[PDB]
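2 protein chains.
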Amino acid sequence: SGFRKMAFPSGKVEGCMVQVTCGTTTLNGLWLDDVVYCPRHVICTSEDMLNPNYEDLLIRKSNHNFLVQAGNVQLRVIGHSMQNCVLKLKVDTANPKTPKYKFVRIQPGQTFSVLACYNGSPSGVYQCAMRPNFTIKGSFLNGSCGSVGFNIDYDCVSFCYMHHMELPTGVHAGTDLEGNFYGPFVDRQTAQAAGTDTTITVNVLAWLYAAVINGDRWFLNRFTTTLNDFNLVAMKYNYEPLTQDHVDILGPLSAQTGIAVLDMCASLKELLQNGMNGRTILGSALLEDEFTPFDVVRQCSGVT
Amino acid sequence: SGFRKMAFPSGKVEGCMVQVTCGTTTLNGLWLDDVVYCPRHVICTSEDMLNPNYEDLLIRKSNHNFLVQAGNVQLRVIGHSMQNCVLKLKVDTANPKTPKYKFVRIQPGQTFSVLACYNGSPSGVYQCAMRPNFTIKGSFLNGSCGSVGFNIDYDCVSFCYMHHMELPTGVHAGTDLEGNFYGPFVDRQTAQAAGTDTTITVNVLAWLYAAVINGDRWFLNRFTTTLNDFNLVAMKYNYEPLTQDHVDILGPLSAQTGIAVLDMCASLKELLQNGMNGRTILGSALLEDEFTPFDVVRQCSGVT
Ligand SMILES: OCC1(c2ccccn2)CCCC1
Ligand SMILES: OCC1(c2ccccn2)CCCC1
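Residue numbers (UniProt numbering), protein chains in the order written: chain A, 3264 to 3567; chain B, 3264 to 3567.
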């Protein structure tokens, strides 16, 4: 029993992290097969970042200007290309520790583990969600760019995120591993305001089911609701709308606990309207939205 | 910027996890050099667990009764001994992935990462604290016993915990890697009530400093206090007493932020007396006590 904000074991990803230096800029790269993936802003001075023309900056760069270090061994760069906002450095050595992997573009509300790295070296691992405004709330200091977000399905790492940017409001923006930003963000030091950080309703409901499964039941009430009624209350509280797709996804948890999804919606409705009155659910004083329904089933069943 | 509940990268520990089977019981073992460490209750039926005589149960066991599997390869057991509440299975092969390591017995309030494992296979990693009542609040299903808690200092894994027990109240109890329980707990299925789960005051203060460093400053007030005055309020709120040792440990964070420790105590005092009034600190609606001062400095500086 017990329910924790749990990251994927990071070993398979630790084995892929390298240091990339271009001039005076050092950040992290991801070494998969004979390609190293890193943010294209590795080629920028902090001055460049105000208004960079990446194509023009890149013309001035040769293979030998990209210093790639894996542990304390240098990799030989034999090619480089820009794909969207990432550089692909071709090296002459396939990473011997390359796991089975995929590049996936996640949807808002989807969760993933981040391996925070500095100078190609892992500092820690934590669990994130892609926010509905396509920001993440991470822990990223200077040097952390090129740190990656991932899911693991048994032995296959799905890479979904590479860290590029802290917005002036201290939230985080990055790309998939094709170098396309999540949301409307750009790799430029400019006014970039995030939109409304709404609560991921389906995730909150999953976590309420996790709470019931783990003995925290005080918030269960005698009420039910409808999707339309619930959604009026959700809108008012800056909660994402709940769809029949979300109800379907919660079916297995509904089944396991014998609490109909719409009954759990009615519990959530009362919690929104009445608050926690100083009580906690799974050691939280607020409604937790960084567990997917899949996360709750995985952790409640013990998948490896 | 940003501050996350962050675990150590788990790769070095993933490389040490094996499956141990004795009869119908499968749990996890830790393979370091040519020794596999596992909970001695691997030799118990669920019936045995009501009132086990471990010495008598062990007499009936031979090396060949301990099935040790590392990935899909069997290890040959060439010796076995009981040390306190752990078994040490001597195997004929040193673990090739053995990291530099130490066995440490942590104090209450100290934090560590758990690698949750089932059948010798990692499912996830999360950050814990040893509670002042010598319980931990983990995520441990059946099969998770032998999962370990650790700290990493650069390249040296300090193992501090091995999972043994869920108490009837759903909190967790285990041993150091010499097999000595934290607190008064025993590996017997019996009435074992935890004492008062007090808040780790020095950790809350560290996290308030982390909040200031990360721009969350709304709780800073115009007041100061004394250790004795603060401690009267702490006692009332089931907070651990604050000692001059704790004040000293917070010195570097005091220095960095220019907030005297006793001023931060006076902020914490008001938060205890007034509550959060529906506000959050680093995305928490309650005062977080699972970051040590060392944790806050590590994460705020980017140690790898
Ligand atoms: O399940 C919720 C938690 C718990 C509570 C009691 C026992 C064990 N675990 C609290 C915070 C995260 C883990
Ligand atoms: O620092 C606190 C958190 C944050 C908030 C804003 C931006 C980035 N990170 C919220 C929860 C954990 C991370």
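Idealized CB from N, CA, C, for every residue including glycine.
> Is there a Cβ from chain A that is less than 7 angstroms from the Cβ of residue 3277 (chain B)?
Replying inline: Yes, residue 3277 (chain B) counts as interfacial toward chain A.
>> Give me the chain A residues within the contact set of residue 3288 (chain B), using Cβ-Cβ distance strictly less than 8 angstroms, ordered along the chain.
In response: Those within 8 angstroms of residue 3288 (chain B) in chain A number zero; the least Cβ separation is about 16 angstroms.
>> Does chain A have any CB closer than 7 angstroms to the CB of residue 3344 (chain B)?
In response: Chain A places no beta carbon closer than 7 angstroms to that of residue 3344 (chain B), leaving this residue out of the contacts.
> At a CB-CB cut-off below 8 angstroms, which residues of chain B make contact with residue 3567 (chain A)?
Replying inline: Those within 8 angstroms of residue 3567 (chain A) in chain B are 3380, 3381, 3382, 3384, 3385, 3386.
>> At the level of alpha carbons, what is the spacing between residue 3348 (chain A) and residue 3450 (chain A)?
In response: Using only the alpha carbons, I get a separation of about 7 angstroms.
> With residue 3565 (chain A) and residue 3400 (chain B) assumed to form a contact (beta carbons below 8 angstroms), what rounded beta-carbon distance in angstroms separates them?
Replying inline: The beta carbons of residue 3565 (chain A) and residue 3400 (chain B) sit about 18 angstroms from each other, so the pair does not count as a contact at 8 angstroms.
> By the criterion of Cβ-Cβ separation under 9 angstroms, what are the contact partners of residue 3562 (chain B) in chain A?
Replying inline: Here the neighbours are 3379, 3386, 3387, 3402, 3404.
> Since residue 3543 (chain A) meets chain B, which of its residues come closer than 8 angstroms, beta carbon to beta carbon?
Replying inline: The answer, in chain order, is 3549.
> What's the gap between the Cα of residue 3212 (chain B) and the Cα of residue 3295 (chain B)?
Replying inline: Since the first residue of chain B shown is 3264 and the last is 3567, residue 3212 (chain B) is not available in this structure.
> Rounded to a whole number of angstroms, what is the C-alpha to C-alpha distance between residue 3518 (chain B) and residue 3524 (chain B)?
Replying inline: For the pair residue 3518 (chain B) and residue 3524 (chain B), the Cα-to-Cα distance works out to about 9 angstroms.
>> Using only CA atoms, which one of B:3500, B:3481, B:3267, B:3358 lies nearest to residue 3300 (chain B)?
In response: Residue nearest to residue 3300 (chain B) within the set B:3500, B:3481, B:3267, B:3358 is B:3358 (criterion: CA-CA distance).
>> Which residues does DSSP list as the beta-bridge partners of residue 3414 (chain B)?
In response: Answer is B:3421.
>> Quick check: is the beta carbon of residue 3274 (chain B) nearer than 7 angstroms to any beta carbon in chain A?
In response: Judged by the 7 angstroms Cβ criterion, residue 3274 (chain B) is in contact with chain A.
>> In this structure, how does DSSP classify residue 3429 (chain A) when only helix, strand and coil are distinguished?
In response: Reduced to three states, the DSSP call for residue 3429 (chain A) is strand.
> Under the rule that 16 or more other beta-carbon atoms within 10 Å means buried, what is residue 3373 (chain B), buried or exposed?
Replying inline: Around the Cβ of residue 3373 (chain B), a 10 Å sphere holds 16 or more other Cβ atoms; the residue is buried.
> Which residues does DSSP pair with residue 3349 (chain B) in a beta bridge?
Replying inline: DSSP output for residue 3349 (chain B) lists B:3302, B:3346 as bridge partner(s).
> Quick one: what's got a C-beta closer than 7 angstroms to residue 3502 (chain A)'s C-beta in the same chain, skipping five residues either side?
Replying inline: 3461, 3462, 3464.
> Can you find a C-beta in chain A that's less than 7 angstroms from the C-beta of residue 3280 (chain B)?
Replying inline: Not a single CB atom of chain A sits nearer than 7 angstroms to the CB of residue 3280 (chain B).
> List, in order along the chain, the chain B residues whose C-beta lies closer than 9 angstroms to that of residue 3433 (chain A)?
Replying inline: Within 9 angstroms of the CB of residue 3433 (chain A), the CB atoms of chain B belong to 3264, 3265, 3477, 3478, in sequence order along the chain.
> Does residue 3608 (chain A) have its Cβ less than 7 angstroms from a Cβ in chain B?
Replying inline: For chain A, the structure presents residues 3264 to 3567; residue 3608 (chain A) sits outside this window and is missing.
> Beta carbon of residue 3378 (chain B), beta carbon of residue 3273 (chain B): below 7 angstroms?
Replying inline: Cβ distance < 7 angstroms, so residue 3378 (chain B) and residue 3273 (chain B) count as in contact.
>> Is the separation between the beta-carbon of residue 3530 (chain B) and that of residue 3491 (chain B) shorter than 7 angstroms?
In response: No; because the gap between Cβ atoms is not below 7 angstroms, this pair is not in contact.
> Considering only C-alpha positions, which residue in the set A:3305, A:3495, A:3282, A:3515 is nearest to residue 3321 (chain A)?
Replying inline: Comparing Cα-Cα distances from residue 3321 (chain A) to each of A:3305, A:3495, A:3282, A:3515, the minimum goes to A:3305.
> Just to confirm, are residue 3416 (chain A) and residue 3368 (chain A) a CB contact at a threshold of 7 angstroms?
Replying inline: No.
>> Pop quiz: residue 3298 (chain B) and residue 3333 (chain B) are said to be a contact at Cβ under 8 angstroms. What is the actual Cβ separation, rounded to whole angstroms?
In response: At roughly 13 angstroms, the Cβ-Cβ gap does not stay under 8 angstroms, so residue 3298 (chain B) and residue 3333 (chain B) are not in contact.
> Can you list the residues of chain B that residue 3271 (chain A) reaches, using a CB-CB cut of under 8 angstroms?
Replying inline: Neighbourhood of residue 3271 (chain A) in chain B, by CB distance below 8 angstroms: 3387, 3388, in chain order.
> When the distance is taken between beta carbons, is residue 3324 (chain A) closer than 7 angstroms to residue 3342 (chain A)?
Replying inline: Contact flag unset, no.
> Which stretch, first to last residue, makes up the beta strand (DSSP E) that contains residue 3385 (chain B)?
Replying inline: Taken as a continuous stretch (DSSP letters only), the beta strand (DSSP E) holding residue 3385 (chain B) covers 3384-3392.
> Residues of chain A with CB under 7 angstroms from residue 3324 (chain B), in chain order?
Replying inline: Chain A residues near residue 3324 (chain B): none, gap ~26 angstroms exceeds 7 angstroms.
> Which residues have their C-beta within less than 7 angstroms of a heavy atom of ligand 2, listed in chain order?
Replying inline: Residues with a Cβ closer than 7 angstroms to any heavy atom of ligand 2, in chain order: A:3400, A:3401, A:3402, A:3433, A:3434, A:3435, B:3264, B:3265, B:3266, B:3267, B:3477, B:3545, B:3546.
>> Pop quiz: residue 3555 (chain A) and residue 3466 (chain A) are said to be a contact at Cβ under 8 angstroms. What is the actual Cβ separation, rounded to whole angstroms?
In response: The distance from the Cβ of residue 3555 (chain A) to that of residue 3466 (chain A) is about 6 angstroms, consistent with a contact at the 8 angstroms cut-off.
> For chain A, is any of its Cβ atoms less than 7 angstroms away from the one on residue 3310 (chain B)?
Replying inline: Chain A contact via Cβ: absent.
> Going by the beta-carbon positions, is the gap between residue 3270 (chain B) and residue 3376 (chain B) smaller than 7 angstroms?
Replying inline: For residue 3270 (chain B) and residue 3376 (chain B), yes; Cβs fall inside 7 angstroms.
>> Under 7 angstroms, Cβ to Cβ, is there at least one residue of chain A near residue 3429 (chain B)?
In response: At least one chain A Cβ lies under 7 angstroms of residue 3429 (chain B).
> Using CA coordinates, which residue listed in A:3527, A:3498, A:3380, A:3538 is at the minimum distance from residue 3292 (chain A)?
Replying inline: Looking at the Cα atoms, A:3380 is the closest of the given residues.
> Per DSSP, residue 3280 (chain A) forms a beta bridge with which residues?
Replying inline: Answer is A:3293, bridged to residue 3280 (chain A).
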